[PDB]
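In: quick check, what structure comes out for this input:
(chains A, B, C, D and E, ligands or ions: 72)
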Amino acid sequence: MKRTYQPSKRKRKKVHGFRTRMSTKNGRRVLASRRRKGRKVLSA
Amino acid sequence: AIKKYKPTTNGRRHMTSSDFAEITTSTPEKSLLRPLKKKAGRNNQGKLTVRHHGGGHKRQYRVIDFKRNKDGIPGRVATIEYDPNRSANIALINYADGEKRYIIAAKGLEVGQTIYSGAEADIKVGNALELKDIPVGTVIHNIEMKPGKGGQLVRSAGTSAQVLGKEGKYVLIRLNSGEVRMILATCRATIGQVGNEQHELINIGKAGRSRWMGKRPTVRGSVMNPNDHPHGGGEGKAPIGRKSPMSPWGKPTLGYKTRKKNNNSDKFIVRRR
Amino acid sequence: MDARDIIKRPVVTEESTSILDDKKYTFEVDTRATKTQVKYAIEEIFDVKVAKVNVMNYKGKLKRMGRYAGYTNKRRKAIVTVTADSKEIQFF
RNA sequence: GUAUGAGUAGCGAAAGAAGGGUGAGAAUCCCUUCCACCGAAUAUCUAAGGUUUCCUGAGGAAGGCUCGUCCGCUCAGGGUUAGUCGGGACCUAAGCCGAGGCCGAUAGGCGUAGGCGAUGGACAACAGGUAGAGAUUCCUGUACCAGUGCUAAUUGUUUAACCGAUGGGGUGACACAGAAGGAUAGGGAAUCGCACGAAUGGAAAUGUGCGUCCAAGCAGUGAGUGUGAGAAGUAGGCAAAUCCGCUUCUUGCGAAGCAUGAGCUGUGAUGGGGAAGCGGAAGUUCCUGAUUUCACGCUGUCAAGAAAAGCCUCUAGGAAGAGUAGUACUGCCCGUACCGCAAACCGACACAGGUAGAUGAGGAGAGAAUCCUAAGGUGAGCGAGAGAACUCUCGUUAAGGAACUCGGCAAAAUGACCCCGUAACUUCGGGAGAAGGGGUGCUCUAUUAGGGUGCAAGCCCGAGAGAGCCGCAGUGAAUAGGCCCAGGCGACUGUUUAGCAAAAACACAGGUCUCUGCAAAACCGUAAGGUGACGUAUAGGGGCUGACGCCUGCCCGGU
RNA sequence: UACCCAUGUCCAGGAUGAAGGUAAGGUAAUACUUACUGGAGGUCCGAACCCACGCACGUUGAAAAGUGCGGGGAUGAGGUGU
Ligand SMILES: [Mg+2]
Ligand SMILES: [Mg+2]
Ligand SMILES: [Mg+2]
Ligand SMILES: [Mg+2]
Ligand SMILES: [Mg+2]
Ligand SMILES: [Mg+2]
Ligand SMILES: [Mg+2]
Ligand SMILES: [Mg+2]
Ligand SMILES: [Mg+2]
Ligand SMILES: [Mg+2]
Ligand SMILES: [Mg+2]
Ligand SMILES: [Mg+2]
Ligand SMILES: [Mg+2]
Ligand SMILES: [Mg+2]
Ligand SMILES: [Mg+2]
Ligand SMILES: [Mg+2]
Ligand SMILES: [Mg+2]
Ligand SMILES: [Mg+2]
Ligand SMILES: [Mg+2]
Ligand SMILES: [Mg+2]
Ligand SMILES: [Mg+2]
Ligand SMILES: [Mg+2]
Ligand SMILES: [Mg+2]
Ligand SMILES: [Mg+2]
Ligand SMILES: [Mg+2]
Ligand SMILES: [Mg+2]
Ligand SMILES: [Mg+2]
Ligand SMILES: [Mg+2]
Ligand SMILES: [Mg+2]
Ligand SMILES: [Mg+2]
Ligand SMILES: [Mg+2]
Ligand SMILES: [Mg+2]
Ligand SMILES: [Mg+2]
Ligand SMILES: [Mg+2]
Ligand SMILES: [Mg+2]
Ligand SMILES: [Mg+2]
Ligand SMILES: [Mg+2]
Ligand SMILES: [Mg+2]
Ligand SMILES: [Mg+2]
Ligand SMILES: [Mg+2]
Ligand SMILES: [Mg+2]
Ligand SMILES: [Mg+2]
Ligand SMILES: [Mg+2]
Ligand SMILES: [Mg+2]
Ligand SMILES: [Mg+2]
Ligand SMILES: [Mg+2]
Ligand SMILES: [Mg+2]
Ligand SMILES: [Mg+2]
Ligand SMILES: [Mg+2]
Ligand SMILES: [Mg+2]
Ligand SMILES: [Mg+2]
Ligand SMILES: [Mg+2]
Ligand SMILES: [Mg+2]
Ligand SMILES: [Mg+2]
Ligand SMILES: [Mg+2]
Ligand SMILES: [Mg+2]
Ligand SMILES: [Mg+2]
Ligand SMILES: [Mg+2]
Ligand SMILES: [Mg+2]
Ligand SMILES: [Mg+2]
Ligand SMILES: [Mg+2]
Ligand SMILES: [Mg+2]
Ligand SMILES: [Mg+2]
Ligand SMILES: [Mg+2]
Ligand SMILES: [Mg+2]
Ligand SMILES: [Mg+2]
Ligand SMILES: [Mg+2]
Ligand SMILES: [Mg+2]
Ligand SMILES: [Mg+2]
Ligand SMILES: [Mg+2]
Ligand SMILES: [Mg+2]
Ligand SMILES: [Mg+2]
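Out: Numbers count the residues shown, from 1 in each chain, chains lettered A, B, ... in the order given. Ligands and ions are numbered 1, 2, ... in the order given. Structure as follows:
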C-alpha cells in the first residue's frame, strides 16, 4: 500500500504558497475571503 | 537492397529492413545540428489534439537547404548520410567557399560529383534551376510554390514530378499524386528522382518496432462505449449500425470529400487525381 | 554598524568555559550580522586581534505552560579566536 | 451521562536462564556468564520527509495494550563551528513568467527581446585525535585555489612590452549491445611478532589464539588509447582575423613526435595507527581476483543517440605600466543535532503494509540461489501451568490407489552436474530438458597425465582409469522441470475492470477502402496562437479486418 | 491514479548459437559442402525488482484489500527516482 499523501516542501509551496495565490485574480479572492473569516494562517 | 531476416523467433519471422549500402558515414556534421523535443501531439495548451503519437527514440534536427540559392559556386558531394527526420537520405555538400550544407539525396547522386545551381547550370541530376529554364519532359523534384521560399512539393523518398508545358507566366507540372497544377515560372526545382526508392518495401514485423518510431496503439471505434464514439455499444460484436461509417466526431468518413468548396487555388488546378 | 549593537552578550556555560582557555570566546550576535562584521566589531570593542570567527544558527525551542504553546527566541552564536600575540578578554 | 453483553474477546509474527545491584516496591531497570536469531541483512553510510524526538541531572499523576525504580513520556539546563562537502554570488532542459506586441463583452488569453527553473554541465583537502552531546567544519601535520599589499632585480612606454570580447571558431558533446585485456580494491595461504603451551586417553611441537599498516599534495614513471606532417592560396565564418572551413603542391607512417591515461616508486613518515601486558614488537613472499577504474576505449547494429557556461584560440578593441621571485595577509550567505526498511517518514495506533541510491565478507557453489557463520546488530513491552473437545499451521500411516468430487481442487510425485538416446508434424528456425535410461561417497597408485603463474623456489587448477572399503541409502541436509495423446479459441511477446471477472476480450505486425497539393486535410480555441510538422502523397488523418496458406461468390430496386 | 515531456538510474548467474568472416574443398567463374570464428534475439532457465493465476487463513482483521505456500515477466511495447 502506497498511500495518497506523499509530502514534499517544494511541491507544497509551489502549488499552495502565498506567491501562487497572489499571482491570480482568484487566488487573491481566496486570500481576501480567508482574511475576512479571520484565519490565523493564510495560504501556507 | 532489402534484407530478409531468418525466422529465428516469432517476432523476426516476417521482418525485413534496409541494409544501408548507400550510406557512407555514420557521424553527422556537428555545426548543422539542432535539438528537437518530442511533443506527442500535445497542443499549445497541453491538450492531446492529434492522437497516436509519442514516445520513440530521440533524434536531433539536421538543417536542410531547400532554397538552393547559392548560384555560381561549384558544390562537391562529400558524404551520403542517414536522417531520422525524413524517409530520404541526405547528402553533405561543401562548396569552394568552405561553406557546408545538407541537401536531399537524389537518385544516382554519388560521392565526388559536382553540383550547380542558378541559370547556367546544366540539366543533370542534382542541379537546381528555375522552372522556366527546365525543358519539357524532364523529371524534377523539390518543387517550390513561391519564389524565394524553398522546396515544398515533391520531397519524400522515391517521388518524382514531370514538367508538362508552358502558359506564359506559369508552368504545368504533373505532381506525384497524379495532379496537373500550374506553378509560377520563377519557382525553382531540382532535377531527378528522390533517393531511397526501396523504402516502401520494408516489413516492420514487430509491434515494438512501431513503438520505436513513435506510434501508440490504435483502438477501433467498434469496441468503445456509446459516449466515446458513434460506433460503440451493442451486445456482442455489432455491425456499423448507421447510414455511413463515422469518424470519432461525427462527419462521415468513407467517400466524403473534405476540401473547401470556395478555395482560392481552384483556378490553378487543371485536373485532379 | 554601531558595533555595540551587533554584539549582544557573552555565552557562559560549561561548554564555553572549557574552551575559554584556548583563547576562544563565545558571543551572541544579531541574526543579520555576518562573519566579518562580528570580527571588526570585536576588534573595535575589546581592542584585540581576531584570527577566526565561526557562526551557527539556532532554531527556537517549543515550550509551554499549559494550553499556551509557543517558541523561544532565535539565536546566532559566534566563536571568536584571537591571535597568539593579543591580550585576552575577561568575562569575569 | 450511565448501564447490559462481562471480569467476556483481545493484549499485534520471534528463546530465554540464573547470579549480583538499585529500590518503599523487580519476570519487565542496570551489570556478568551461558544460550539463541539476522548476516545481498534485522549490518555501515546517505537523499526525501520529520522538526528537538539528540545529551546530562531530577520525576512517576497521565501515555506505554501488563509492570516499571525505565522510556522516543514530564520538568530544568545544554548541544549543530566550512575559501575546499551539498546549494546561492556560475550555466542551461522540460516548464513557467513576460516590456513593447497580436487577440478579445469586462475579467483576461497568447507571445518576442529578456529572465527564472536540476533531476544534468563546470569548479580548490587529505590522514589521524576527540570518554556527555559536532567533525573533510574544531585540534595536530602537511597542502591547494583566487586575490591583495610590502620588498628585490627584469622589461616596456604611444610605429607602441602587455591585456583581450556580451563577436567568430574548436572542444565541452553524449545511444544500445558484445568480447578480449592492463591495473587496483577485496579475499586466502606461508613467513614474521607477541602470548599461551593446557581440565578427560594423547601431544614441548607438523601445537593453539591474535596481529602481520598508512592518505591528499610534490617529483618521477607508465599498461594503454586516440592521432598526419609541412608550405602556399582564399566568392564562406552579419565587421576583421595570422583562427576555422575549402583547394593545390612537397614529404610518408602501427617508427618517432603530440594530446590524454588507470596505476606504480620515492617523499609526505624524526609522523600517525597497532597484539598483549600507560606503553607498544612484526608489517615480508606467493596465489586468486572484481559488479570498480582505464573506458562508451574498441568492435558491431539501427531505432541514428540534450543545451549553455567553462577552457583554448582569432581578431575588433584597451593600452604605460606589466609580469617574475620571496613574504605576510584576505576569502561572504544557507544546511550541518537525531531517526532514516523505521517505535522518530506515508498509513487515525510504539500498526505483520509502502519507501530512491552507495558498500554488502567466509566454507561448499556458476551465482547477490541454498544451509551454517564473520564484522556488526538483536532476544521483539503481558506472563506460568495443564497438555480436554474443537479450529488453524505441520509430521508419519497397514491393504487398496481417483473408488472422492462439478472438476485429481489440495497434497504427493519429478528436480543438480556428466554421459547415451530421442517420434508425429513443420513456416525448416523448431518440436526438445520430447520420451526413455545410466553414473555420483571414501582410500591408495598420486605434489598424476596435463594446464595457469614465476628466473627459480614454490602456489593454484584436476580428466580418464585401475585396484579396494563402508552403509538400507553416496547431488546421503537445504535449494533446483512431472510427463504423454487428442480437440475448441486466439497467430506469437504484450495490455485490461486500484478493491469479485486476466479471458476466446483489447493491442499488434499485415490487408483493404476513403480523405488530403500545403496557410494540406483532421483536431484544441470566441479569436490570436498551436498540434499535424521544423513533415510534403514511398507523407499525414479516419473506418473496418487482424501473422501465415488457399480464397473472398450474386444483387445498385431502398438508404 | 491515467497518458505525456525533460533529466538520471537498475537488471546475480547460466544456456542456445542468426547475419557476417577465414581456411580447406568444388567450379570457367559462381552456387554448394565441411571445420573454425562471430555474438543476434519484444530468445531460453533462473535471483533482486515488477505483477496478482490457485488454494488456505483473516473477515467487530496485524491490514478500509493483507499474510503463507506454490505462480507469471525478468534486455524490453522493461522497472523506477526527481
Ligand atoms: Mg492513425
Ligand atoms: Mg486496430
Ligand atoms: Mg466494451
Ligand atoms: Mg452518439
Ligand atoms: Mg453501434
Ligand atoms: Mg460491442
Ligand atoms: Mg450477436
Ligand atoms: Mg556554516
Ligand atoms: Mg459469554
Ligand atoms: Mg484469552
Ligand atoms: Mg507483542
Ligand atoms: Mg532477572
Ligand atoms: Mg542462523
Ligand atoms: Mg538470502
Ligand atoms: Mg532535512
Ligand atoms: Mg509526524
Ligand atoms: Mg517534546
Ligand atoms: Mg534519549
Ligand atoms: Mg508508573
Ligand atoms: Mg501502566
Ligand atoms: Mg523527553
Ligand atoms: Mg581548514
Ligand atoms: Mg560551498
Ligand atoms: Mg557547488
Ligand atoms: Mg503588456
Ligand atoms: Mg505567456
Ligand atoms: Mg528564451
Ligand atoms: Mg538557477
Ligand atoms: Mg543537482
Ligand atoms: Mg568540488
Ligand atoms: Mg553523534
Ligand atoms: Mg575527520
Ligand atoms: Mg552532439
Ligand atoms: Mg591426559
Ligand atoms: Mg604518494
Ligand atoms: Mg562508439
Ligand atoms: Mg542511522
Ligand atoms: Mg505509527
Ligand atoms: Mg511493541
Ligand atoms: Mg512497522
Ligand atoms: Mg567458493
Ligand atoms: Mg554469500
Ligand atoms: Mg558477533
Ligand atoms: Mg519477553
Ligand atoms: Mg496409506
Ligand atoms: Mg504401503
Ligand atoms: Mg499403482
Ligand atoms: Mg486414471
Ligand atoms: Mg460418486
Ligand atoms: Mg459431471
Ligand atoms: Mg494442484
Ligand atoms: Mg605432473
Ligand atoms: Mg540433496
Ligand atoms: Mg529441490
Ligand atoms: Mg493471446
Ligand atoms: Mg478486480
Ligand atoms: Mg493552421
Ligand atoms: Mg489558425
Ligand atoms: Mg507548426
Ligand atoms: Mg507507389
Ligand atoms: Mg489475413
Ligand atoms: Mg476483430
Ligand atoms: Mg494471409
Ligand atoms: Mg463480399
Ligand atoms: Mg443506389
Ligand atoms: Mg441507381
Ligand atoms: Mg520521457
Ligand atoms: Mg526474453
Ligand atoms: Mg516464457
Ligand atoms: Mg495492473
Ligand atoms: Mg519468482
Ligand atoms: Mg524466467
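In: going forward, measure contacts between C-alpha atoms and count neighbours the same way
Out: Fine.
In: most centrally placed residue in the chain?
Out: In the absence of a named chain, this looks at chain A. residue A:16 (2.9 Å; Cα atoms, centre = their mean).
In: think we crossed wires, I meant chain C
Out: Mean-position check on chain C, Cα atoms, centre = their mean. Result residue C:27 at 1.6 Å.
In: quick one: it is in a strand?
Out: Yes. The assignment for residue C:27 by DSSP: H, G, I helix; E, B strand; the rest coil puts it in a strand.
In: now it: closest residue in space, sequence neighbours ignored.
Out: residue C:10 (4.5 Å; Cα to Cα, 6 or more residues apart in numbering or on different chains).
In: show me what contacts that neighbour?
Out: When contacts are counted by Cα atoms under 8 Å, 6 or more residues apart in numbering or on different chains, residue C:10 touches C:26, C:27, C:28, C:91.
In: which one of those residues is nearest ligand 5?
Out: Nearest to ligand 5, judged by Cα to the ion, of the contacts of residue C:10 is residue C:28 at 81.2 Å.
In: beta partners of that closest one?
Out: residue C:9, residue C:77 (DSSP bridges).
In: what about it, how many residues close to it?
Out: By the criterion of other Cα atoms under 10 Å in any protein chain shown, residue C:28 has 17 neighbours.
In: pretty sure it contacts residue C:80?
Out: No. Taking contacts as Cα atoms under 8 Å, residue C:28 lies outside contact range of residue C:80: 10.9 Å.
In: the longest helix seen in chain A - contacts with which helices or strands?
Out: The longest helix of chain A (DSSP state H) is helix A:25-37. Here helix A:25-37 touches helix A:18-22, going by 3 or more Cα pairs under 8 Å, 6 or more residues apart in numbering or on different chains; DSSP states H and E.
In: quick one: is the helix it packs on near RNA strand D?
Out: No. Using Cα under 7 Å from any atom of the strand, helix A:18-22 stays clear of RNA strand D, coming no nearer than 9.6 Å.
In: and for stretch B:68-78?
Out: Yes. Counting by Cα under 7 Å from any atom of the strand, RNA strand D is contacted by stretch B:68-78 at B:72, B:73, B:74.
In: what of stretch C:46-65?
Out: Yes. Using Cα under 7 Å from any atom of the strand, stretch C:46-65 reaches RNA strand D at C:51-59, C:61-65.
In: residues contacting the nearest residue to residue A:18 once chain neighbours are set aside?
Out: Spatial nearest neighbour of residue A:18, excluding adjacent residues (Cα to Cα, 6+ apart): residue A:43 at 5.8 Å. Residue A:43 makes contact with A:16, A:17, A:18, A:21, A:31 under the criterion Cα under 8 Å, 6+ apart.
In: stretch B:98-115: how far from the chain's middle?
Out: Taking the mean of its C-alpha atoms, stretch B:98-115 sits 19 Å from the chain's own mean (Cα atoms, centre = their mean, to the nearest Å).
In: in chain A, which residue sits nearest RNA strand E?
Out: Across chain A, no residue is closer to RNA strand E than residue A:1, which sits at 5.7 Å (Cα to the nearest atom of the strand).
In: how long is stretch B:183-200 from one end to the other?
Out: 29 Å (Cα to Cα, to the nearest Å).
In: can you list phi and psi of residue 39 for me?
Out: The chain I'm using is chain A. Dihedral angles of residue A:39 (phi, psi; degrees, to the nearest 10) stand at phi -80, psi 150.
In: oops, chain C please
Out: The phi/psi pair for residue C:39 (degrees, to the nearest 10) reads phi -60, psi -50.
In: number of nearby residues for it?
Out: Counted with other Cα under 10 Å, the neighbours of residue C:39 add up to 21.
In: cool, residue B:259 as well?
Out: Neighbours of residue B:259 under the rule other Cα under 10 Å: 7.
In: and what of the one 10 residues further on?
Out: A total of 14 residues lie near residue B:269 under the criterion other Cα under 10 Å.
In: the residue of chain B positioned farthest from its centre and ligand 5, how far apart?
Out: Within chain B, the residue lying farthest from the chain centre (Cα atoms, centre = their mean) is residue B:235, at 43.1 Å. To ligand 5, residue B:235 is 9 Å away according to Cα to the ion, to the nearest Å.
In: in chain C, which spans are strands?
Out: All strands of chain C, identified by DSSP state E, fall at C:7-10, C:24-29, C:50-58, C:62-64, C:69-71, C:75-82.
In: could you dump these to CSV with distance to residue B:131?
Out: Formatted as CSV, these follow (distance: least, Cα to Cα, whole Å):
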stretch, distance to residue B:131
strand C:7-10, 87
strand C:24-29, 84
strand C:50-58, 78
strand C:62-64, 86
strand C:69-71, 85
strand C:75-82, 81
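In: RNA strand E: which of these is closest?
Out: Checking the strands of chain C against RNA strand E by Cα to the nearest atom of the strand gives strand C:50-58 as the closest, at 26.6 Å.
In: rewinding a little: would you point out the most distant pair within the contacts of residue C:10?
Out: Using Cα to Cα, the two most remote members of the contacts of residue C:10 are C:28 and C:91, lying 13.5 Å apart.
In: contacts only, for residue B:49.
Out: B:41, B:42, B:43.
In: and chain C, which residues reach RNA strand D?
Out: C:12-16, C:31-36, C:51-59, C:61-65, C:79.
In: now chain A
Out: A:1, A:2, A:3, A:4, A:5, A:6, A:7, A:8, A:9, A:10, A:25.
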